[PDB]
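Asker: Quick one, what's the 3D model for this:
(6 chains)
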Amino acid sequence: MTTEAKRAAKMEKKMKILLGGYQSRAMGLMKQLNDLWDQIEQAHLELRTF
Amino acid sequence: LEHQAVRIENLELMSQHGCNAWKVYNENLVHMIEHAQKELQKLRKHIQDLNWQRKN
Amino acid sequence: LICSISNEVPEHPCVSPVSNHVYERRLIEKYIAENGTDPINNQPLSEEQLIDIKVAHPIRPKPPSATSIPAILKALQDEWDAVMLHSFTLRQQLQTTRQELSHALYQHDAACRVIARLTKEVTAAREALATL
Amino acid sequence: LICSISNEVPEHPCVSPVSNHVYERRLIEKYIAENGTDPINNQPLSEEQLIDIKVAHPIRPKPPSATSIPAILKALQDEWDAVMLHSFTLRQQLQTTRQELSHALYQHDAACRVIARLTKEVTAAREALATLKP
Amino acid sequence: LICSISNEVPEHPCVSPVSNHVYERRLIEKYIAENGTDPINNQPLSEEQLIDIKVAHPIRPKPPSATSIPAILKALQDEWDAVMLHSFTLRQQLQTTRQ
Amino acid sequence: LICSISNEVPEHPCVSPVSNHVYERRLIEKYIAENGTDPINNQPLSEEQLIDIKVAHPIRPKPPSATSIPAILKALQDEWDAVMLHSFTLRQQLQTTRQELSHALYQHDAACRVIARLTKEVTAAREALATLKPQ
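Answerer: Residues are numbered from 1 along each chain as shown, chains lettered A, B, ... in the order given. There you are, the coordinates:
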C-alpha cells in the first residue's frame, strides 16, 4: 500500500508528459483519421458523381 | 507483492529512461494529417476541373 | 509509418513483393536502381516490382487507444520472461546453495563426529593420565 | 507482435504488397484465395505477391503502468466492446444504407418516368408550337 | 504439454540446439533414427543432441497445459478483423450506393 | 518441458546453439534485443540463435466455442508467474539460509580445529610444566 501508492504515484506524476503528448497524438491522429476517411469517401463519391 | 515488485521495476525503467515517443508520434501524426490534407486538396482540384469542363 | 533505410517519414511509401518493409520511392528507386534486392530480406526484386500507395485506404484504423492486444501479448511474454528469468537465476543459486548445503552437511557430520572423537580421546587421555 | 489484422504473435505472418502487415496464414491465404485483395487496406493483391518475412513489422504505442487487471479486464471489455459496437454499427449502417438505397432506386426510376413523360410533353408542345403557325 | 501427437508429451523433453522444441526420446529417437530431420520445420538434427529433464534430476519438469491464450487471440484476431474487412468492403459499397 | 527463462507453454520456443536449454522467442527477443547473449550459458549469440521451432503447438481449445473468457488463461498465467516469483524469492531466502548454515559450519570447523590445536599445545605445556615441577 504505502510503497505501492508511492511508486505508482511518483510514476503517475512523471507520466504527465507521455499523457499530454500521447493525448495530442491520439487527438490529432483520430481527427485526421476520421476527417481523412470522410474526406476520402466524399472525394471518391464526388469524383464518381461529377 | 510480486506484482508490486514487477510494477516497481517497470516504473524504475520507464522513469529511468524517458519518453520522447509522445512527441515523435505527435510529429508522425502531423505528417499523416498533412498527407491527408494534400490528398483532399488534389481531389478538390480534380472536382473543380471536371466542374469547369461541364460548365463549358 | 517510417522508412527503414531512409530513417525518415516517406511521403509515398512502397514495398516490394519479397519481404515486409517500408521503402520510400526514392530509397527503393535508388537502392533498387543500383542493384536488384529486397530492403529487408535481400530477396530478389526489381524497381518496378515495388507497389506504390494505391490511395485505396489512406485512413486506416484508429490507433490502439486505451489498451492494446500487442501490448498485452508482448508485455505478458516479456513479464514472464523477466520474472521467469529471475526464477531461473534463483533456481541456479538455490541449486548451488543446495549442493554447498549438502556438502556442508556431510562436512558437518564428519567434522562433528571427528570433534566428538577428539573430545572423547581428550577426556580419555586426561582421565587416564590423571588416574595415577 | 503488432499487426492490423492480427494484433498478436502470428505463427506465419504474411504481408500484402499494397499494405505490409502481419497476417495469419488462414486469413490471408483463404481471404486472398477466395478473392484476391488486401485484407487490411481493401486494395487489390495476389496470393503469389504476398511478402515473405520472418518476424518483421512495425510496433504500436501503449500507456504506462501496465498491469494484469487493466490488460485482461480493461483490454478484454474494451476490445470486445469496440468490435461489438463496430459490428452492430456496421449492421445498422448497412441496413439503413439498404433502405435508403431502395428509396433512392424508387426515386430514380419514378423520377426517370416523370422526366420521360414531362420531356415527351415538352417535345409534343414544342412540335405543336412549331407546326401551329402555318 | 498435453496435445495430440506432434512429438508432444511430458516424457523426456528432448531439445536439440538447432530447432528448439519439446520432443520425446522415442519420437526423436525413431524419427531422427530413420532420417535426421524435424517433424515440421525439417531442420537438421541427430540423436546425440537429445537430453532428458531440463537442467537436472530424473523424470521431467512438466510445464503447464495448453490454454490457447495466444491461439484465442489468433482466432479472434482473424475472425474479428475479417468481419471488419468484410464490413469495410460493405461500407465502401454502401458509400457507392450513397454516391 | 518447463522452460528456464519462460516456464510458460511456449508458442515458438528458441535456444542458442551454446548450451542445452529451453528458451522462448520473447525471452531471447527482448533479452537479446537489449544485449546480445545466451540466457543459459551467458555465451555470445546473434539474431540467428532464436528460431521459430517447428510445429509450434496444435491447440484444440483455439476455437473457444462460446467460452470467450481470456481472463482464465491470462489470469492463470499471471498467477503462475506470481507464484514463480514467490517461489524464486523463497528459493533465494532458502539459499541465503543454506549459505549462512554453511558459513557457520565452516567457521565452527575452523574454530574447532584451531581450538583443538590450542588445546594440544596448551596440554603439552601444562604437562611439561606440570611434570617438570617436582624435578
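Asker: Which parts of chain A are helices?
Answerer: A:2-14, A:16-49 (DSSP state H).
Asker: Turn these into TSV, columns for mean neighbour count and distance to residue C:45.
Answerer: C-beta here means a position set from N, CA and C on the backbone, and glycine is covered the same way. Output for the helices of chain A, formatted as TSV (neighbours: other CB atoms under 10 Å in any protein chain shown; distance: least, CB to CB, whole Å):
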stretch	mean neighbour count	distance to residue C:45
helix A:2-14	13	46
helix A:16-49	16	29
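Asker: looking at those, which is closest to chain E?
Answerer: Proximity to chain E, assessed across those by CB to the nearest CB, is greatest for helix A:16-49 (3.7 Å).
Asker: Tell me if that closest one is near chain E.
Answerer: Yes. Applying CB under 8 Å from any CB of the partner chain, one finds helix A:16-49 touching chain E at A:41, A:44, A:45, A:46, A:48, A:49.
Asker: from those, which is closest to residue F:114?
Answerer: Closest to residue F:114 out of the residues of helix A:16-49 next to chain E is residue A:41 (91.4 Å), distances taken as CB to CB.
Asker: Please name the nearest non-neighbouring residue to that closest one.
Answerer: Distances taken as CB to CB, 6 or more residues apart in numbering or on different chains place residue E:95 nearest to residue A:41, at 4.9 Å, with adjacent residues excluded.
Asker: any idea how far the closest residue to residue A:49 other than its chain neighbours is from residue E:39?
Answerer: Excluding the flanking residues, the one nearest residue A:49 by CB to CB, 6+ apart is residue E:99, at 5.9 Å. The gap separating residue E:99 from residue E:39 is 54 Å, by CB to CB, to the nearest Å.
Asker: Comparing the two, which shows the higher neighbour count?
Answerer: Neighbour totals were compared for residue E:99 and residue E:39, and residue E:39 leads with 19 against 13 (other CB atoms under 10 Å in any protein chain shown).
Asker: Using the three-state scheme, assign the residue sitting nearest the centre point of chain C.
Answerer: Nearest to the mean C-alpha position of chain C, by CA atoms, centre = their mean, lies residue C:81 at 7.0 Å. Look at residue C:81: counting by DSSP: H, G, I helix; E, B strand; the rest coil, its state is helix.
Asker: who touches stretch B:6-20?
Answerer: Identification of contacts with stretch B:6-20 by CB atoms under 8 Å, 6 or more residues apart in numbering or on different chains yields A:3-4, A:7-8, A:10-11, A:14-15, A:17-18, A:21, C:79, C:82-83, D:64-67, F:85.
Asker: buried residues in it?
Answerer: Across stretch B:6-20, burial judged by 16 or more other CB atoms under 10 Å in any protein chain shown covers B:6, B:7, B:9, B:10, B:11, B:14, B:19.
Asker: Name the nearest of those residues relative to residue A:36.
Answerer: Taking CB to CB as the measure, residue A:36 lies nearest residue B:19 of these, at 26.4 Å.
Asker: how far out from the middle of the chain is stretch C:4-22?
Answerer: Distance of stretch C:4-22 from the chain centroid (CA atoms, centre = their mean, to the nearest Å) equals 28 Å.
Asker: Do me a favour and get the end-to-end distance for it?
Answerer: Chord length of stretch C:4-22, first to last residue, is 6 Å (CA to CA, to the nearest Å).
Asker: Would you map the strands across chain C?
Answerer: In chain C, the strands defined using DSSP state E lie at C:13-15, C:23-24, C:51-52.
Asker: Next, format these as a markdown table and append distance to residue B:38.
Answerer: Below are these laid out as a markdown table (distance: least, CB to CB, whole Å):
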| stretch | distance to residue B:38 |
| --- | --- |
| strand C:13-15 | 14 |
| strand C:23-24 | 16 |
| strand C:51-52 | 15 |
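Asker: where's whichever residue of chain B sits closest to chain A, which helix or strand?
Answerer: In chain B, the residue that lies nearest chain A is residue B:22 (2.5 Å; CB to the nearest CB). Counting by DSSP states H and E, the element that carries residue B:22 is helix B:21-55.
Asker: In chain A, which residue sits nearest chain D?
Answerer: residue A:15 (5.0 Å).
Asker: For the residue nearest to residue A:41, give me its contacts.
Answerer: Contacts of residue E:95 (CB under 8 Å, 6+ apart): A:41, A:44, A:45.
Asker: okay, those residues in CSV with distance to residue A:29 next?
Answerer: Below are the contacts of residue E:95 laid out as CSV (distance: CB to CB, whole Å):
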residue, distance to residue A:29
A:41, 18
A:44, 22
A:45, 24
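Asker: and which of those is nearest chain B?
Answerer: residue A:44 (8.0 Å).
Asker: and the closest one, what does it touch?
Answerer: So residue A:44 contacts B:43, E:95, E:99 (CB under 8 Å, 6+ apart).
Asker: Could you pick out the residues of chain B near chain C for me?
Answerer: Residues of chain B lying near chain C by CB under 8 Å from any CB: B:2, B:6, B:9, B:28, B:31, B:35, B:36, B:39.
Asker: any chance of the contacts of residue A:44 in a markdown table, with distance to residue A:30 too?
Answerer: As requested, the contacts of residue A:44 are exported to a markdown table (distance: CB to CB, whole Å):
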| residue | distance to residue A:30 |
| --- | --- |
| B:43 | 21 |
| E:95 | 20 |
| E:99 | 25 |
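Asker: tell me which of those is nearest to chain F?
Answerer: residue E:95 (31.8 Å).
Asker: Let me see the contact set for residue B:2.
Answerer: Per CB under 8 Å, 6+ apart, neighbours of residue B:2: C:83, F:81, F:82, F:85, F:86, F:89.
Asker: Redo those as CSV? Include distance to residue B:55.
Answerer: Output for these, formatted as CSV (distance: CB to CB, whole Å):
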residue, distance to residue B:55
C:83, 71
F:81, 70
F:82, 73
F:85, 74
F:86, 79
F:89, 80
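Asker: Now the two most distant members of the residues you listed.
Answerer: The distance between the two most remote of these (CB to CB) is 12.9 Å, for F:81 and F:89.
Asker: now, among the contacts of residue B:2, which is nearest to chain E?
Answerer: If you rank those by distance to chain E using CB to the nearest CB, residue F:81 comes first, at 10.9 Å.
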